[PDB]
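Trainee:
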Amino acid sequence: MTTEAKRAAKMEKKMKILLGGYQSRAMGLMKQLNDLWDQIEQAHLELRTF
Amino acid sequence: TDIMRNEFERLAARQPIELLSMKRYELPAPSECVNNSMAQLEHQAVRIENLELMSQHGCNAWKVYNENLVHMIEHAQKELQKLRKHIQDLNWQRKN
Amino acid sequence: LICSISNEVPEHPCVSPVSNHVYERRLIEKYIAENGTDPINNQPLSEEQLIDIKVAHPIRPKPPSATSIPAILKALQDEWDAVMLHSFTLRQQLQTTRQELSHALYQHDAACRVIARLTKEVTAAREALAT
Amino acid sequence: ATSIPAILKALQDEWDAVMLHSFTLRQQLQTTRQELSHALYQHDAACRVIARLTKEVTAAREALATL
Amino acid sequence: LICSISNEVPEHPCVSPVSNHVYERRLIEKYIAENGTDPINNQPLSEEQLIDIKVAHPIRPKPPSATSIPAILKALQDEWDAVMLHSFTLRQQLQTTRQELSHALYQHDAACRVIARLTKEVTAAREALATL
Amino acid sequence: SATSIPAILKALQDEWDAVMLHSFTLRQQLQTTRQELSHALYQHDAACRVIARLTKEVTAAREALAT
Numbered sequence: 703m704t705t706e707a708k709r710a711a712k713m714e715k716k717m718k719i720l721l722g723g724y725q726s727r728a729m730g731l732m733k734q735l736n737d738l739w740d741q742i743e744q745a746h747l748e749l750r751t752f
Numbered sequence: 063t064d065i066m067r068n069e070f071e072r073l074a075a076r077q078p079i080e081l082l083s084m085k086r087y088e089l090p091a092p093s105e106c107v108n109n110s111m112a113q114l115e116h117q118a119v120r121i122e123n124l125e126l127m128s129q130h131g132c133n134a135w136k137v138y139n140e141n142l143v144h145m146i147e148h149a150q151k152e153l154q155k156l157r158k159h160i161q162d163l164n165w166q167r168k169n
Numbered sequence: 003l004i005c006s007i008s009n010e011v012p013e014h015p016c017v018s019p020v021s022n023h024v025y026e027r028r029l030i031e032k033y034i035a036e037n038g039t040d041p042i043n044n045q046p047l048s049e050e051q052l053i054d055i056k057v058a059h060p061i062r063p064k065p066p067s068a069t070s071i072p073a074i075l076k077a078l079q080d081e082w083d084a085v086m087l088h089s090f091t092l093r094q095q096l097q098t099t100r101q102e103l104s105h106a107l108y109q110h111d112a113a114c115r116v117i118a119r120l121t122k123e124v125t126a127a128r129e130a131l132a133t
Numbered sequence: 068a069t070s071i072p073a074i075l076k077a078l079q080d081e082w083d084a085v086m087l088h089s090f091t092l093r094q095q096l097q098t099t100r101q102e103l104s105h106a107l108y109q110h111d112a113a114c115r116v117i118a119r120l121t122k123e124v125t126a127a128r129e130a131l132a133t134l
Numbered sequence: 003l004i005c006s007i008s009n010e011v012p013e014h015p016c017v018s019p020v021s022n023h024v025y026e027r028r029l030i031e032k033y034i035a036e037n038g039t040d041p042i043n044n045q046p047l048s049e050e051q052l053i054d055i056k057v058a059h060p061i062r063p064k065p066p067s068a069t070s071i072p073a074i075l076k077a078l079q080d081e082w083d084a085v086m087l088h089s090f091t092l093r094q095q096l097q098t099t100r101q102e103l104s105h106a107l108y109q110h111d112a113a114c115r116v117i118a119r120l121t122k123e124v125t126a127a128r129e130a131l132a133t134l
Numbered sequence: 067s068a069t070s071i072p073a074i075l076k077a078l079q080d081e082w083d084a085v086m087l088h089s090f091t092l093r094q095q096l097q098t099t100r101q102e103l104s105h106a107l108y109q110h111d112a113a114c115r116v117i118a119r120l121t122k123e124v125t126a127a128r129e130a131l132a133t
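See the structure below:
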C-alpha cells in the first residue's frame, strides 16, 4: 500500500498533468460530436419535410 | 422485449433510486482485517501495474483518442452541409 | 464513426450489404436473432450477410485518478443513474408528443371546417355582386 | 451459479436488449415527428388559405351591397 | 482517420461493402473506374456499392470515453483477465517451491537419521575406549 | 434469479471484494512457504558441517582403539 500507492500517486499525477489536459481536449471533442449528431437529425427531418 | 434486465431497470428509473455499491474500501479502520489488508496490497499492486499500463497507454495514446474524435466530428458537419444544400434548393424551387 | 442503434462509438464496427450503415457487432447480431432483418430498411439480412470493417482503433484515456474503487463505486453508479433518469425523461417526452399530436390534428381539422364554411360564403358573396 | 465470469456475460446479454429497445423507440420517435412537422407546416399553410378566402368573401359583400 | 490507398487524411471518406475499410472517395472512385474491384481484397465493387460515412440516424451519440457504460464494462474485463494471469505467476512458482521443499525435507529426514547414529557411534567409541 | 437489480450491484461489489482477498491470501502464503523453505536449507547445510566434526571424533576413536 505504501510502496505501490506512492508509485500510483506518482504515476497518476504524472499522467494527470499530461492527460487532464488531453482529457479536457477529448471531452470537448466528444461534446461537439454529440451536438453535431443533434443538428444532423433536425436537417434530415427538415429534408424529409421539404 | 428484454429479460429480467428490463424489470429492475424500469423499477430503478420509476422509483428514482440507484442501487448501492461497495462503500467499504475507502474508509476501513486500523486495529478479518488480515484479509482486508491483503486485499489492499494486491489492489495497490494492480493500480501500480494498471497505472503503469494506464500511463503507458495514456502516455502515448493520450491524444490518440483526440485524433480519432476529430475525424468523427468533421464527418457529421459534412452531412449538415449536404442536408443544408438539398433543402435550400427545394425551398428555392417552391418559391419560384 | 458511430453505431446506428445505441448511439455508441463502436469497438468492432460491421456494415450490412443491403443498407450501407455501420453498426456495432453485438447490437446488430442481437437484432438478427430477434428478427432476421435490417433494423433501418426492414430488408432481409442474416449474420453471414454482414461485413466486418477495420479502422485505426479507438482510444479512451482512462482518468489519471482512477482505481478499482471509483470504477466500482462512483463511475458505475453514475452510469446507471444516467441511463435511468434519461429513459424516464425520454418516456416523458414521447408521452407529450402524442398529446401535442392530438392538439395539432384537432386544430387542423377545425381550420378545414372554417375554410369549407368560408368557401361557400365568399363565392356566393361574389356571385351576388354578379347578380 | 454464484461465480463471476458469467455475471459479466449476463450483464452484456441484458444490455444487448437495452440497445435493441432504444432503437425501436427512437425510430417511432423521429418517424412520428415527421408527421408532426409536416402537419404543423401544412396546418399554418392551410390556415393562410382562410385568411385569403375571408377577405375576398368580405369584398364580395360590400361590393354587392353597395350595388 | 487515414486512407488505406494513399496514406493521407481523406477529406471525403466512403466505406466499401466488400472489404470493410475507409477509403477517400476521389481516390477509390478512380480505382473503380480503372477496374471494378476493391483495392485490398480484389473482390468486385462498383461505385453504388460504396457508401459515404454518415450520422447514424436519430439517436444522438457521445464520444468514446471512460464514463460510457460499455467502455467501463470492457475495462473490468482487462482488470480481471490481467489479475487471472497474476494468479498463475503464484500458482506456478508455488509448485516449484513446494517441490523443492518436498525434496529438501526428504533429504533432511534421510540425513538426520545418520546424525543420530554418528552421535551414537562417536560417543560409543568414547564410552568403549575410555573404559579400557 | 428474479433477484432485485440494486442488490446485484452490491453482489458484484462483494465478489470483487472477495476475489481481491482470495488473491492476497494466496500470495502471502507463497512468500512464507518460500521463507520457511529457506530456513530448512540453512539447517540442511549446517547439519552436514556438523557431521564432518562427528566423523573426526569417530576417526580419532578408531585410532585410539587400535593402539
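Protein chains in written order, with the entry's author numbering: chain L, 703 to 752; chain K, 63 to 93, 105 to 169; chain r, 3 to 133; chain s, 68 to 134; chain q, 3 to 134; chain t, 67 to 133.
Where is the CB? At the ideal position from N, CA and C, for every residue including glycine.
If contacts are defined as beta-carbon pairs under 8 Å, then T99 of chain t and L92 of chain q qualify, I think. What distance do you get, rounded to the angstrom?
Mentor: Rounded, the Cβ-Cβ distance is 11 Å, inconsistent with contact.
Trainee: Applying a beta-carbon distance threshold of less than 7 Å, which residues of chain q neighbour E88 of chain K?
Mentor: Under the 7 Å cutoff, chain q gives no residues; its nearest Cβ is about 18 Å from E88 of chain K.
Trainee: Is it true that the CB of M66 of chain K sits closer than 8 Å to the CB of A68 of chain t?
Mentor: Result yes, Cβ atoms of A68 of chain t and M66 of chain K sit closer than 8 Å.
Trainee: Please state if the CB of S89 of chain t and the CB of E88 of chain K are separated by a distance shorter than 8 Å.
Mentor: No, these two residues do not count as a Cβ contact at 8 Å.
Trainee: Could you round the C-beta distance between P41 of chain r and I7 of chain r to whole angstroms and report it? I think they count as a contact, below 8 Å.
Mentor: So it is a contact: roughly 6 Å between Cβ atoms.
Trainee: Mark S104 of chain q as exposed unless 16 or more other C-beta atoms lie within 10 angstroms of its C-beta, in which case mark it buried.
Mentor: Exposed, because fewer than 16 other Cβ atoms sit within 10 Å of the Cβ of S104 of chain q.
Trainee: Name the chain r residues that come within less than 8 Å of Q109 of chain t, Cβ to Cβ?
Mentor: Going along chain r, no residue has its Cβ under 8 Å from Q109 of chain t, so there is no contact; the nearest lies around 42 Å.
Trainee: Identify whether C132 of chain K lies in helix, strand or coil by the three-state DSSP scheme.
Mentor: Looking at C132 of chain K - three-state DSSP - the assignment turns out to be helix.
Trainee: Would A127 of chain q and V124 of chain t qualify as a contact pair, given that the criterion is a beta-carbon distance under 8 Å?
Mentor: In contact: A127 of chain q and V124 of chain t (Cβ atoms closer than 8 Å).
Trainee: Taking the CB atoms as reference points, tell me whether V137 of chain K and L731 of chain L lie closer together than 8 Å.
Mentor: Contact flag unset, no.
Trainee: Give me the residue from r:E102, r:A113, r:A73, r:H23 with the minimum Cα distance to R115 of chain s.
Mentor: The shortest Cα separation from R115 of chain s among r:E102, r:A113, r:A73, r:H23 belongs to r:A113.
Trainee: For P92 of chain K, is the classification buried or exposed, using 16 other Cβ atoms within 10 angstroms of its Cβ as the cut-off for buried?
Mentor: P92 of chain K should be labelled exposed.
Trainee: Report the three-state DSSP secondary structure of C5 of chain q (helix, strand or coil).
Mentor: Reduced to three states, the DSSP call for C5 of chain q is coil.
Trainee: Counting contacts by CB-CB distance shorter than 8 Å, is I71 of chain q in contact with chain K?
Mentor: Taking Cβ atoms only, chain K never reaches closer than 8 Å to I71 of chain q, which makes this a no.
Trainee: Does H105 of chain s have its Cβ less than 8 Å from a Cβ in chain K?
Mentor: Not an interface residue.
Trainee: Quick one: which residues of the region 55-82 of chain r get their C-beta closer than 9 Å to a C-beta of chain A? List them in chain order.
Mentor: The structure shown contains no chain A; the protein chains it does contain are L, K, r, s, q and t.
Trainee: Any C-beta of chain q sitting closer than 8 Å to the C-beta of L142 of chain K?
Mentor: Closer than 8 Å to some Cβ of chain q, the Cβ of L142 of chain K qualifies, so yes.
Trainee: List, in chain order, every chain L residue whose beta-carbon is nearer than 9 Å to that of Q101 of chain s.
Mentor: By Cβ distance, chain L contributes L747, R750, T751.
Trainee: Can you tell me which of the three DSSP states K76 of chain r falls into?
Mentor: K76 of chain r falls in the helix class under three-state DSSP.
Trainee: DSSP state of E26 of chain q, grouped into three classes?
Mentor: Reduced to three states, the DSSP call for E26 of chain q is strand.
Trainee: Pull out every residue of the region 714-728 of chain L whose Cβ sits closer than 8 Å to any Cβ of chain K, in chain order.
Mentor: Hits within the stretch, in order: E714, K716, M717, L720, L721, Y724, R727, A728.
Trainee: Out of q:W82, q:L107, q:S18, state which residue places its alpha-carbon closest to the alpha-carbon of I74 of chain s.
Mentor: Closest option to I74 of chain s, Cα to Cα, is q:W82.
Trainee: Chain q beta carbons: is any one of them nearer than 8 Å to that of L96 of chain s?
Mentor: Interface residue, yes.
Trainee: Determine the contact status of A149 of chain K and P72 of chain t, defining contact as a CB-CB distance below 8 Å.
Mentor: No, the pair does not count as a contact, with Cβ atoms beyond the cut-off.
Trainee: For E706 of chain L, go through chain s and note every residue whose CB falls closer than 7 Å to its CB, in chain order.
Mentor: Result: empty, since nearest Cβ-Cβ is about 24 Å, beyond 7 Å.
Trainee: Only counting the same chain, and skipping five residues up and downstream in sequence, which positions put a Cβ closer than 6 Å to that of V24 of chain r?
Mentor: Around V24 of chain r: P15, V17.
Trainee: Report all residues from its chain with a CB closer than 6 Å to the CB of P12 of chain q; omit the five preceding and five following residues, and keep chain order.
Mentor: The residues are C5, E26.
Trainee: State the CB to CB distance for the pair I121 of chain K and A728 of chain L, rounded to an integer number of angstroms; the pair is presumed to be in contact (CB under 8 Å).
Mentor: Contact flag wrong, Cβ pair sits at about 24 Å.
Trainee: What's the gap between the Cα of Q744 of chain L and the Cα of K76 of chain q?
Mentor: If you take the alpha carbons of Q744 of chain L and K76 of chain q, they lie about 33 Å apart.
Trainee: Can you pull the DSSP bridge partners for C16 of chain r?
Mentor: Answer is r:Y25, r:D54.
Trainee: Determine the DSSP secondary structure at residue 1 of chain q, reduced to helix, strand or coil.
Mentor: No answer is possible for residue 1 of chain q: the residues shown for chain q start at 3 and end at 134.
Trainee: Only counting the same chain, and skipping five residues up and downstream in sequence, which positions put a Cβ closer than 8 Å to that of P19 of chain q?
Mentor: Around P19 of chain q: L47, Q51, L52, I53.
Trainee: Under a CB-based cut-off of 8 Å, is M732 of chain L close to chain q?
Mentor: Cβ-Cβ to chain q under 8 Å: yes for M732 of chain L.
Trainee: Return the bridge partner residues of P46 of chain r from the DSSP annotation.
Mentor: In DSSP, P46 of chain r forms a bridge with r:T39.
Trainee: Secondary structure at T69 of chain q, three-state DSSP: helix, strand or coil?
Mentor: Here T69 of chain q sits in coil by DSSP.
Trainee: For a cutoff of 8 Å on Cβ pairs, would you count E125 of chain K as touching chain q?
Mentor: It does not: the Cβ of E125 of chain K has no partner Cβ on chain q nearer than 8 Å.
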